[PDB]
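# Descriptive analysis of the structure
Take a look at the letters that make up each chain.
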Amino acid sequence: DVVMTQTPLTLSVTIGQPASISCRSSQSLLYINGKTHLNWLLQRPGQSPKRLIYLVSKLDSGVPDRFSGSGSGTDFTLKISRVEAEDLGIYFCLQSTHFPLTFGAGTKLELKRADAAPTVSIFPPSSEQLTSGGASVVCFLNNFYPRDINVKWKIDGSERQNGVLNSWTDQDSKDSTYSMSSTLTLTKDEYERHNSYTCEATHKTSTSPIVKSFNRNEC
Amino acid sequence: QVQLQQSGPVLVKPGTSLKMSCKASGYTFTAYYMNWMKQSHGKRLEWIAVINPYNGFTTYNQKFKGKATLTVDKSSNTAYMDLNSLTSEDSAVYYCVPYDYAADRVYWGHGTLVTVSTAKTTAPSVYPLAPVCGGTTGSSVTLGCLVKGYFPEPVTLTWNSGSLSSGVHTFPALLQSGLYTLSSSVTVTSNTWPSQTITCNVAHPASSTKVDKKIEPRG
Ligand SMILES: CN(CCCCC(=O)O)c1ccc(/C=C/c2ccc([N+](=O)[O-])cc2)cc1
């Protein structure tokens, strides 16, 4: 089998700046007619893959010219002249010269933008969940950057680590930010035992936290 | 226009067989070879086999030979893939990928998500999340929706039947104790809500669940 080795696995770039992805194969991909069946694909968040380049350097329909591909022997390179929002996702090289068809591991193309503080919203449990006998406090840390960020939860002034789960979205096409959701799972009894609920977003010690709170008790 | 429609997501027990379909339109069905691909954990890609629908002749990747069987029904323009001897290792997204050799164009389906497990299907509870009781007249308002305790994947969450698309963050689901939990936030202008009804729409195919939670001001 042909092995496609991609580099790097993840590449972080500023808008407008060039990008260079490499894919190297374990054998020649020259076909019996002398054409080289090297394909490049982009898979954008939530979508299925789409081929961008075929035959080393030929672009698929209505693929912008910022994209180009070059190949010398067993080494093959995708280049983006200037990276734009739309470019974000996972890039795969694909040989279709020899069977089976084989893929590189994929390269994650990330955007570098200016640091940005989260928009924090805290949400008490809904009255339906309380009727159900459960209780979850949800916090959204929205449109921040970089991806690295921490959530502190405090109940009646004590830090709480148990029963917290965090989910990150993929990088946002529109503005290059990340968003994150933190869920604090409790029992009804426990939620009813306490009153002050606090969600904090910090990236580093030396940056003021963004804090959002409520009191179960008052409206 | 070339269109592929793949069978919906499934949860199947280990040791069984599964037949997936891929109904094609917008081109002469027999003119394009039909490839099948597997993607594992939303990254790693493998090519399974290809069929030539004209004569039904298939070529397999040795890794999957005996595991996968490709067929077509010319009459219905539909391609099929059978997977037998299922294990959790087979949990993946499966793509049909027709390749037009005359023109050299390739297209990808939206895939079919397979979950191999003995876990039983559990319908999610859906809870609307309204902002805190308090009177922060911020420029914007964020609402949320919590979808908890379901199995298997996937779930479709939309706001106002998908007509509300800007300012949405739907978070990847997380698994704890055999059940998935997911959240989505929506941010609109202060003018919009509460004066316009906003509804969380959640579908969980496997359980035939379809619920509309209206987000409403609390307490
Ligand atoms: C049957 N066959 C070899 C035929 C060679 C001669 C001929 O075309 O008549 C063949 C060729 C190519 C394929 C698939 C090519 C392919 C699939 C997928 C992608 N892609 O980018 O996803 C690119 C290219 C499948 C079978």
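Residues numbered from 1 in each chain as written, not as in the entry; some residues may be left out. Chains lettered and ligands numbered in written order. Heavy atoms only, no water.

As stated in the entry header, the method of structure determination is X-ray crystallography and the reported resolution is 2.75 Å.

The name given to chain B in the PDB entry is Green-fluorescent antibody (11G10)-heavy chain, with the source organism recorded as Mus musculus. The title given to this entry in the Protein Data Bank is "Green-fluorescent antibody 11G10 in complex with its hapten (nitro-stilbene derivative)". As recorded by UniProt, the Function comment attached to chain B reads in full: "Anti-influenza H3N2 neuraminidase antibody." Under the heading Subcellular location, UniProt records this for chain B: "Secreted". (UniProt positions renumbered as here; feature names shortened; annotations may be inferred.)

By the naming in the PDB entry, chain A goes by Green-fluorescent antibody (11G10)-light chain and is assigned to Mus musculus.

## Here we look at the interface of chain A and chain B
Listed by partner, the interface residues are 43 residues for chain A and 45 residues for chain B. Our enumeration of links across chain A and chain B arrives at two salt bridges. Among the salt bridges present, the one from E128 of chain A reaches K213 of chain B, with a minimum N-O distance of 3.8 Å. At the junction of chain A with chain B, the criterion picks out eleven residue pairs in polar contact. Looking at which element gives the most residues to the side of chain A that touches chain B, the answer is strand β13 (residues 134-144) of chain A, with five residues. (Contact = heavy atoms within 4.5 Å. Salt bridge = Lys/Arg side-chain N within 4 Å of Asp/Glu carboxyl O. Polar contact = N/O pair within 3.5 Å; in protein donor to acceptor, adjacent residues only side chain to side chain. Helix = DSSP H or I, 4+ residues; strand = E, 2+ residues; numbered from the N terminus.)

## Notes on the side chain of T169 of chain A
Relative to the helices and strands, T169 of chain A resides in the loop between β16 (164-168) and β17 (178-187). A residue is classified by how much of its surface remains accessible, and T169 of chain A, at 10% relative accessible area, is buried. Setting aside its immediate chain neighbours within four residues, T169 of chain A contacts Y178 and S179 of chain A together with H169, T170, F171 and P172 of chain B. (Buried < 20%, exposed > 50% of the residue type's maximum accessible area, 1.4 Å probe, protein only.)

## Re the site of the ligand
Taken together, 15 residues form the shell around the ligand, and within it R51 and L94 of chain A together with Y33, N35 and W108 of chain B come nearest. The residues that come close to the ligand belong to more than one chain, namely chains A and B. A distance of 3.2 Å separates an oxygen atom of the ligand from a polar side-chain atom of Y33 of chain B. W108 of chain B has a polar side-chain atom sitting 3.2 Å from an oxygen atom of the ligand. Protein chains bury 74% of the 610 Å² of accessible surface belonging to the ligand in isolation. Per-element tally for the shell around the ligand: the top contributor is strand β4 (residues 33-40) of chain B, with three residues. Classifying every residue of the shell around the ligand by side-chain character gives twelve nonpolar, two polar and one charged. (Near = heavy atom within 4 Å. Areas by Shrake-Rupley, 256 points an atom, 1.4 Å probe, with all protein chains shown as cover. Nonpolar A, V, L, I, M, F, W, Y, C, P; charged D, E, K, R; others polar.)

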